[PDB]
Structures are given as structure tokens and as C-alpha cells.
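Mind having a look at this structure? Questions to follow.
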Ligand SMILES: NS(=O)(=O)c1nnc(NS(=O)(=O)c2ccccc2)s1
Ligand SMILES: [Zn+2]
């Protein structure tokens with residue numbers, strides 16, 4: 001099965017998922033001097049006041065926090081988007097060391113981790129249909145740097161011991177993702193793909209300029225998770241990030257100058 005090890009990592013994915021060598025794969029390095037300011041881009045509208053989290057799951061390559069998306073509770077609109085996108089899950093990618101872990105990079109700089117808030121376009125009726133469309137998903141990406149603790153993250157950090165191995169899940173209600181956002185919503189955007197198999201090219205990426213800071217202790221707890229199932233030999237869940245892919249015939253646009 002695919003994963004992040006030496007024998008089944010990103011460099012091998014293309015044998016089972018040939019779209020890995022596609023025209024708009026992600027992630028990609030954001031060159032801040034060649035990104036184009038676009039004054040036509042609108043501010044992001046993040047409406048998370050009615051979000052309903054349900055549970056947290058270790059899926060063997062990350063942990064997902066899942067939300068109820070049966071109704072327009074937590075939605076993303078505006079920015080480069082047309083239409084309403086519903087939040088369905090968030091997850092992180094992180095490194096074994098503080099100098100790596102993010103998927104996108106900024107002028108080749110890597111961050112300690114990257115938060116992905118995944119949303120789908122409600123005009124396609126369900127998530128499975130949305131992932132088959134070029135504008136079906138919108139993922140909000142937020143960088144994490146190591147510094148002062150993020151109070152909003154601690155609820156997540158404290159439950160990780162309950163889902164240490166693959167396939168474990170726990171109830172995770174009344175979590176407010178607003179506590180994970182930076183102060184500013186300035187962003188870069190480009191058309192891209194999921195960064196894990198099946199690597200579908202259905203994503204409008206929105207990457208926030210301002211990182212959030214988390215403490216060393218907080219990220220350390222991430223690194224104690226396991227890729228393996230219970231009873232299996234222990235493999236720590238670290239470096240679950242895909243390297244930057246070529247930009248090809250794409251333009252990254254900036255919401256700010
Ligand atoms: N890193 S990333 O692109 O946001 C994603 N990686 N895995 C994801 N999972 S997911 O959206 O629930 C998903 C699950 C099944 C098929 C397509 C997408 S999103
Ligand atoms: Zn992701």
C-alpha cells in the first residue's frame with residue numbers, strides 16, 4: 001500500500017496513480033517574487049460559527065478531525081471561489097524535525113507543519129461527486145512554525161493518545177476551528193490536486209500568508225502517533241508530507257501586494 005517510507009513513498013506513487021505526474025499536482029513552492037497580485041480577488045469569507053465536529057480518526061497516514069457536513073454549517077466562500085464550500089475535515093502534515101514538515105514551501109522555506117482544512121463544493125451534492133470535478137474541493141492551508149503555544153490546538157493535542165494507532169477513533173465534539181486561524185486572511189491561490197493518493201486534480205488551493213505558531217511540546221505530541229495498527233511493529237508517524245511538484249503551466253496569484 002502507498003505510504004511515506006523508503007519503499008512506498010511519494011517517488012513510488014506514480015506506479016499505482018499515474019496522475020502523480022499530472023499537469024497540476026501539489027504541493028508546489030510559492031515563489032513570492034513571481035506570484036502575481038490580483039486586485040480582482042475577493043477577501044475570503046470563513047463562516048465557522050456553526051461548525052459541528054464529530055470525531056477524530058487515525059487513518060494510518062494522518063489524523064483527521066471530521067465535521068457534520070449535511071447542511072451549510074461551516075462554510076468557505078469568497079476569495080477565488082464561486083459558490084459555497086462546506087468544511088468536511090481538517091488534518092495536518094508534519095516532520096521529524098522542526099525544519100521540515102510542511103507540504104507547500106515559500107521561497108523554498110519549509111515550515112514545521114501544515115494544516116489543511118478541506119471543503120467541498122455543494123453544488124455537486126456530495127463529496128464523492130465533488131472530487132471528480134476540477135472545482136470540486138477547496139483546501140485552506142495554514143503553516144505552523146515553532147514558537148509560542150497555540151491555545152486553540154491543545155484540545156486536539158490532548159486526545160492524540162486515544163488514537164495512537166491506525167483505525168482508532170474517538171468522539172470529538174464541540175471543537176471550534178476558529179481557534180486555529182491566523183490574524184490575517186491574506187492568501188496565495190493556485191489550481192492543484194490532493195497531495196495524497198488518489199491525487200485527484202480537483203482542488204483550488206488557498207494558502208494563508210501568515211503562519212500560526214505552536215510550541216515545541218505541542219508538535220512533539222504529533223510525532224508520537226503511529227502509522228501502524230495496534231499489535232503491529234511500531235513506526236512513528238513523522239514526515240507525512242509530499243515534496244514540491246513542478247508548477248508547469250500555472251500561475252500563483254496573491255490576494256495582497
Ligand atoms: N492533503 S490533502 O490534499 O488536503 C488531502 N489528503 N487526503 C484527503 N482526504 S479526503 O479529502 O478526505 C479524500 C478522501 C478520499 C478521496 C479524496 C479525498 S484531502
Ligand atoms: Zn493535507
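Coordinate-derived values only; no laboratory data. Cβ atoms come from the backbone with ideal geometry, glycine included; neighbour counts cover every protein chain shown.
If residue 198 meets every condition in (1) more than 16 Å from ligand 1 (Cβ to nearest atom); (2) surrounded by fewer than 19 Cβ atoms within 10 Å (Cβ to Cβ) apart from one, which number is that one?
(1)
Any residue in region 148-169 that is in contact with a strand residue (DSSP E or B) (Cβ under 8 Å, 6 or more places away or on another chain), surrounded by fewer than 13 Cβ atoms within 10 Å (Cβ to Cβ), in contact (Cβ under 8 Å) with a residue 60 or more places away in the chain and closer than 23 Å to residue 81 by Cα?
No, because not a single residue in region 148-169 is in contact with a strand residue (DSSP E or B) (Cβ under 8 Å, 6 or more places away or on another chain), surrounded by fewer than 13 Cβ atoms within 10 Å (Cβ to Cβ), in contact (Cβ under 8 Å) with a residue 60 or more places away in the chain and closer than 23 Å to residue 81 by Cα.
Can you tell me how many residues in region 106-133 are assigned to a strand (DSSP E or B) and surrounded by fewer than 20 Cβ atoms within 10 Å (Cβ to Cβ)?
Residues that pass the stated criteria total 2.
I've got another one for you. List, please: which pairs have Cβ atoms under 9 Å, are six or more places apart or on different chains, and start with a residue in region 107-129 that is on the phi < 0 side of the Ramachandran plot and free of Cβ contacts under 8 Å to residues at least 12 places away in the same chain and end with one that is assigned to a strand (DSSP E or B) and within 9 Å of ligand 1 (Cβ to nearest atom)?
126/120; 129/120
Further, regarding this structure: Looking at region 96-105, which of the residues that are in contact with a strand residue (DSSP E or B) (Cβ under 6 Å, 6 or more places away or on another chain) and not in a strand (DSSP E or B) is nearest to ligand 2 (Cβ to nearest atom)?
Per the stated criteria, the residue is 103.
Quick check, is residue 92 within 16 Å of the chain's Cα centre (by Cα) and within 14 Å of ligand 1 (Cβ to nearest atom)?
Judged against the criteria, residue 92 is a match.
A further question on this structure: Suppose we keep only residues that are assigned to a loop (DSSP other than H, G, I, E, B) and more than 11 Å from ligand 1 (Cβ to nearest atom) within region 202-211. Which one would you say is surrounded by the fewest Cβ atoms within 10 Å (Cβ to Cβ)?
210
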